[PDB]
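What follows is the residue order along each chain.
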Amino acid sequence: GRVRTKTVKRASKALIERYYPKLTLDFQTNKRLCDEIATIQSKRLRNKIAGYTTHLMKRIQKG
Amino acid sequence: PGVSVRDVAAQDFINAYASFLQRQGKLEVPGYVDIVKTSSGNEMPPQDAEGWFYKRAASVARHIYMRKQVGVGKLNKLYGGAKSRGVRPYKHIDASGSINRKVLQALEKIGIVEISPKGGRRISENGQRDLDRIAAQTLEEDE
Amino acid sequence: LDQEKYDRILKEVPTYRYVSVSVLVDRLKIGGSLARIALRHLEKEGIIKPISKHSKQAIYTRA
Amino acid sequence: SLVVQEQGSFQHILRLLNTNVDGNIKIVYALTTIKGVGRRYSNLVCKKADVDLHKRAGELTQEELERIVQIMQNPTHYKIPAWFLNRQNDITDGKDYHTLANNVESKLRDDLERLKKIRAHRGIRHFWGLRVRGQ
Amino acid sequence: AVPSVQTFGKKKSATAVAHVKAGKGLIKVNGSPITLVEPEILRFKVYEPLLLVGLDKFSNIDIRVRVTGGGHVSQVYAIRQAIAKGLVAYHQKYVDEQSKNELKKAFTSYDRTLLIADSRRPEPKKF
Amino acid sequence: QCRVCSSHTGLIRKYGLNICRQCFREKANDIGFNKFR
Amino acid sequence: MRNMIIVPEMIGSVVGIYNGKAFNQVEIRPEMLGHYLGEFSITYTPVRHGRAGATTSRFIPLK
Amino acid sequence: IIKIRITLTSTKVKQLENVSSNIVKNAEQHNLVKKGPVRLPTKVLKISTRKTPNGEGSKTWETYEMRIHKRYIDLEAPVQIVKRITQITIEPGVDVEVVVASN
Amino acid sequence: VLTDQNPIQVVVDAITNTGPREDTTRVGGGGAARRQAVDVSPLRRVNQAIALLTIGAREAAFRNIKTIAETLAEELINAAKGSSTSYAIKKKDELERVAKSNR
RNA sequence: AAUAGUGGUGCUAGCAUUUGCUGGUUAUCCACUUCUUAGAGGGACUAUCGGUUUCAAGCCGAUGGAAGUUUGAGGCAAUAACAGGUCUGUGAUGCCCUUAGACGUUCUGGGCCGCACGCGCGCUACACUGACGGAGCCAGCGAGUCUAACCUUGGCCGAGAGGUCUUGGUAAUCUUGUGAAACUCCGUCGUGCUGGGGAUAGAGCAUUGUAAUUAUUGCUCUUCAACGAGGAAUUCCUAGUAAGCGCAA
C-alpha cells in the first residue's frame, strides 16, 4: 500500500550523485545529513527521502 | 488486627447491621410507609413490607462513611433504576425527597450524623466511636 | 392436595443424577415457587450435595 | 421450607360481586381480576388485610372475603389518602368514591351522554369525538 | 528514606496511579484490600500479577493504588497494568537486573498487555 | 429580527451574535471562525 | 369571545356578533356551568369522505 | 509593594510567547518574586450548520472552530516598578489585565 | 457431575465429529442450479463446527422453563458421541448425506 | 502549577490496638512534578533479518517497537444544459393593482392538526440471556446572570409534580466527581399471549404566559384493547469497527 512518489524517487538519486563518498549504509547517521547539504521543508519528507537512498545504496554493493 | 469500615463485605454488611437495627426498633417510622414507594420511576412498593425502611437508613450511613458531606440532592441522584415512559425512550431516575428528608433527620436523634459547617450532614465522633464500634461488632459475623 | 407433594419427592428423591428445577416441573402442578421451595426444603434435609449456587440458578446433586 | 399438605378445600369459582376467581395465585393478583382495581390499587388493601402475602384460595378464612369488600366499601374510613382513588370531586355531588368491577360502566355513560347530547357543563365541542369518529 | 516509586497504567481513558512503599505488604485498591472487587467473575484477573512469580517478594513492600475514570470493566484492566510494572521499579532502582529480567520474561511470556497498554482509541462518526 | 438574506428563521441564538445562517457562511471569516477538521 | 370563562350571569342570551370571519353564535343553554366561552363556534366542518377511497395512502408500489 | 496578578487571554499563539517572555524579562532584570506563567486548558468554539442556502440536495454539514488560549502570572513588586512596564508591552489582538487581589 | 472425568474434554472431542468432512458448494452453476465437487479447508472447518452447536441452544432454551446452562449440558454430551439425536448434530449430518449424492 | 495534584510536619477523630491501618482541614508549614494542563523539541523510515519476482517496482512472513491497514480520522482542490444560486443581491423589469396600497400593522378565529389501507430513517414489542424488588456504583465534550433573571446545591413543606428560605458561579475554582444507563449480586416471580406489552381512554393536582378547549407539556388511580419473530421484496452504518447503552449542546 506504499510506493514512493517521484519527488522522493527523483531527489533520492540527485543526493546520491553529489555526495556519494559521504553516504553510509546506516539510516540513522545520514538522517542527520540531508538537512546539512539540502533544504527540506517538512520533517516527514526528510524521513522518507533518506529512507530510500539507503535502500538504494545497498544496490551499489551488488550491482 | 484492627479494621476500618473499608474492609468488610458490601451487601452482607448492611444485612447483619440492619437486622441488629431490626432488634432496635428506635426509628420514627411514619404512617405512610405502606403506600409511598421510593420514587416515581419504580412501579411498586417493595416486596419487603417492613425491613426496607431499615435497609435505606442503613446504607445512607454506609455512604457518608467514605464521603465528606451529603446533602439531599445527592442521594436523590443515586438510587438504582431507569424511568420507563411507556412507548417513548427511557430516562434516568430521580428519587423522592420526603422519604429521605426524615430518615436523615432520624439519625440525629441517636447521635450519628449532623450538619457540617461546609453545608452537609456528616458523621462526627458520635458515630466515629460507635458506628465503627458496631461495625467492629460485625467482625463477629466474619466467622 | 396431600399426597402428590408427599411421595414422589420425600421418597423418590435420590433416584436421579443431579437435581435442578427441570425435574421438579415435570408434573404441571408443581409451579415455580413450588419447585423452588422443594430444594429450599431439601437443603435442610441434607440430601443435596451442593456444587455452586447463585440467585439465577444453583448446581445441586444428591447425596 | 417445609411440606404443608392441606385437604384441598380450594374454590375454582369465587363469589365477590359476580367475580369468579381462579384462586391458585397470589391474592393480590386475585383481586386484580375484577375491574376498577389493579395491582397499584390492590397492593395496599391486602396489606390492610394483615394476612400472609403468598396464599391461594384453599386457605383463606371465611370472614376475610367479607372483610376485603368492607375495607373497599369504606375506603376513607381506614386511612386511604385522596391520591389513592378513581372517582374524585364529582360534578354531581363533589364527594369521592371508588368503583367495583360491574359498575365502572356506571358513572360512565350518563357522564358521557351529557357531553354527547345535552351540550353539558363543559361538553359542547367535546361533542362529536365519541359520537362521529369514536362512537 | 524509604524506597518508594510511582507507576501508572491506562486502558480506554481510565488511569490507575500506584504508590510503592516498604513494609509487611499491604495491597490497597483505592483504600480497600484487593480481595473485594465488585465484578466477582473478573476477580482472578487482578490475581494474575501476583500468581505468576510466587508469594515471596512482598514482606518488604507496601502497595497503595487509586483509580479514576473508565467503566466497571476497564478499571480491572487498569490496576494490573500499574501493579505488574510497579514491581520492577524496585528491581530497576535497588535490586539487580538479573532479578529484573527473570520476571520480565515471566510476564511477557504470558501477557504482552500486562506491561504495555493497548492502543485502540475510539473514532468519530458521520464526520 | 430578520437580518438580510430572506431569513427570519434559523437564527443562531447561541454566543449572542444573532445572525441569519444564510448570511453567516460569508461572514464567518472576518469574525475569526475558520474550519480545520 | 373564545377565551373567557362562563359567568353565572347568563340565561338564554345569544352572545356573539362579528369579531372576524369565523362566526361565533353563542346562545346560552339553561345553566350548564363552569366552562370557557370558546367551545361553541365554527372551527372545522366535519366533512366525511369526498374521495377518500385510498384511505390513508397506498401500499408498497409496483407496476 | 503588593502582590499582584496578571492575566492575558488571546487568540494568536505566536503573539503570546513574545509578550509572556518580556513580562518575565524585565521583572528578572529587577529580580522580583514571581511564579511562572501558568497555562490553562484552552477553549474551543464550534457550530454545525449545513452547507446549502436553499434546502434541496444531499446532507452532511460543516463545522467551524475558534480557539481561545489563556495563561496568567502572579507577581509582587513596588508599584513604581510595575506601572511603567505594563504600558510598553502592547500589541494588537492582545488583552492585558492587572489584579491586585490580596484578601 | 454428569458421570464423566474431564469437563474440558467433552467439547474438544465433540468438535471432531462436527467438523463436516464434506460439503456442498455455494453456487447455482449458471442457470442449472447444481452442486459440484468440493471440499473444506481445516481452518474453515473448525469455524462452522463450533457455531452450529451454539445456535441450537437458543431455540432449545427459547420460551421453555429450562435454562441455558441446562441446554448446553445435554447438548455437548450429545455432541460428545455420535448420536445424531441433537439438533447440533442432525443438521450437519443431512448436509453431508446429500453431499454424498452431490458431484 | 491555591483556578491541578500527590509527599511530609502538625492542630485532630477513630483507633484491634500496643508499633498500627483509615480519617482531619485552610493557610499547619515545608518539600515536590510521576499522574494533570500547555509551550518547546524528539521519535517511524516499512527499520532489521528470511522468502518471492525480468531480481526491477513491490508483495508476503518473521523478531523488535507507544505505534508497522496511506499508522487511525477528517479538512482542502472545477469539467459540466436542473434558468432552486437573488436581501436594504439590482436583475446591474416597465404590469407583480407594482402609488380607497390587497405589499402594512396592531386588533381579530382558522396554516402543517380530521374516516377504513403507506413505499412513514430506527422508535415500544413479541420475554427467563426476562420482568419486578432490594442493594453494589462507574464518564466524556460541551453551557451559563446586570440592565437582569441563566445555572443551581443544603435547610426547608409535601406522595410525586412542585412551593418557600438561601447561597455559589463571568469561570479548570461554583453547579459538577455532572454518582448516566446497560450491566452487577440477593430476592420475589413461573411459562399461560399471566405479574410479558401498555397502544384508546374517564375522574383528578401542578406549573408557563395575554391566553392551553381540538387533551401545549408533567405527576395520581383506574382501564390493560392490536401484538406468538413477519409474504413478495429490499438496507444512512467497516476492528475498539457492527450492534446495544447514552441523555450533553
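Provided above is the structure to which this section pertains.
Residues numbered from 1 in each chain as written, not as in the entry; some residues may be left out. Chains lettered and ligands numbered in written order. Part of a larger assembly, values for the part shown. Heavy atoms only, no water. Residues with missing side-chain atoms left out of burial classes, pairs and counts.

Explain the protein's contact with RNA strand J here, please?
Near RNA strand J there are 174 residues, and of these B:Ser96, B:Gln128, C:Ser33, F:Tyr15 and F:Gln22 occur at the shortest range. For RNA strand J, the fraction of protein-proximal atoms (within 4 Å) that sit in sugar or phosphate groups is 68%. Contact distances for RNA strand J include 2.4 Å between a phosphate oxygen and a side-chain N or O atom of B:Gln105. At 3.5 Å from a base nitrogen of RNA strand J is found a main-chain nitrogen or oxygen belonging to I:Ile65. Looking at which element gives the most residues to the surface near RNA strand J, the answer is helix α4 (residues 44-60) of chain A, with 8 residues. Grouping the constituent residues of the surface near RNA strand J by class yields 51 nonpolar, 60 polar and 63 charged. (Near = heavy atom within 4 Å. Polar contact = N/O pair within 3.5 Å; in protein donor to acceptor, adjacent residues only side chain to side chain. Helix = DSSP H or I, 4+ residues; strand = E, 2+ residues; numbered from the N terminus. Nonpolar A, V, L, I, M, F, W, Y, C, P; charged D, E, K, R; others polar.)

Looking at this structure, I do not really get empty space enclosed by the protein. What am I missing?
Sizing a probe to match a water molecule and rolling it over the atoms shows the empty space that remains. All names here are of chain E. There is about 310 Å³ of room inside the largest cavity. What lines the largest cavity is a set of 21 residues, among which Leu50, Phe58, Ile63, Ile83 and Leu87 lie closest to the centre. Looking at the lining of the largest cavity, the elements with two or more residues in it are β2 (16-21), β4 (61-67) and α1 (74-86). Residue contributions to the lining of the largest cavity peak at 4 residues, all from α1. In terms of residue class, the lining of the largest cavity is built from 18 nonpolar, 2 polar and 1 charged. (1 Å grid on protein atoms, 1.4 Å probe; cavity = no way out; pocket = protein on both sides within 12 Å on 5 of 7 lines; lining within 4 Å. Points joined across faces, edges and corners; volume = space filled by probe spheres on them.)

Any chance you could explain the pattern of salt bridges here in plain terms?
If charged atoms from side chains of opposite charge come close, those side chains can pair. Applying the stated rule across the entire model yields 29 salt bridges over all chains. D:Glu63 is the salt-bridge partner of D:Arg67, the closest N and O atoms lying 2.8 Å from each other. You can see D:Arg67 and its partner D:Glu63 sitting in helix α3 (residues 62-73), 4 residues apart, about one turn around the helix. Here H:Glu17 ties to H:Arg39 by a salt bridge, and the two come within 2.4 Å at their closest N and O atoms. Here H:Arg39 lies in strand β2 (residues 33-39) and H:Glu17 lies in the loop between β1 (2-8) and α1 (19-28), a separation of 22 residues in the sequence. (Salt bridge = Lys/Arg side-chain N within 4 Å of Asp/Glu carboxyl O.)

Sorry, what's going on with the layout of surface pockets here?
For the second largest pocket, the calculated volume is near 1,500 Å³. Along the walls of the second largest pocket sit 36 residues, with B:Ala10, B:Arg62, E:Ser32, E:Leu36 and E:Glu38 positioned nearest its centre. Listed by contribution, the elements that provide at least two residues to the lining of the second largest pocket are α1 (11-24) and α2 (52-66) of chain B together with β4 and α1 of chain E. Per-element tally for the lining of the second largest pocket: the top contributor is α2(B), with 6 residues. Here the residues of the lining of the second largest pocket sort into 17 nonpolar, 9 polar and 10 charged.

Teacher, can you tell me more about the packing of helix α3 (residues 42-60) of chain I against helix α4 (residues 68-80) of chain I here?
Two quantities define a packed helix pair, namely the angle between the helix axes and the distance between the axes. Residues and elements named next belong to chain I. At their nearest, the axes of α3 and α4 sit 10 Å apart, and the two run at 140° to each other. The orientation of α3 relative to α4 falls into the category oblique. When the axes of α3 and α4 are compared, the crossing they make is right-handed. In this structure, α3 uses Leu53, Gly56, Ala57 and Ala60 to contact α4, whose residues at the interface are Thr71, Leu72, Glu75 and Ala79. For the contact of α3 with α4, a count of residues per class yields 5 nonpolar, 2 polar and 1 charged. (Axes fitted to C-alpha atoms, helices over the stretch in contact; angles between N-to-C directions. Parallel < 35°, antiparallel > 145°, perpendicular 65-115°, else oblique. Left-handed = near helix turned anticlockwise from the far one by under 90°. Contact = heavy atoms within 4.5 Å.)

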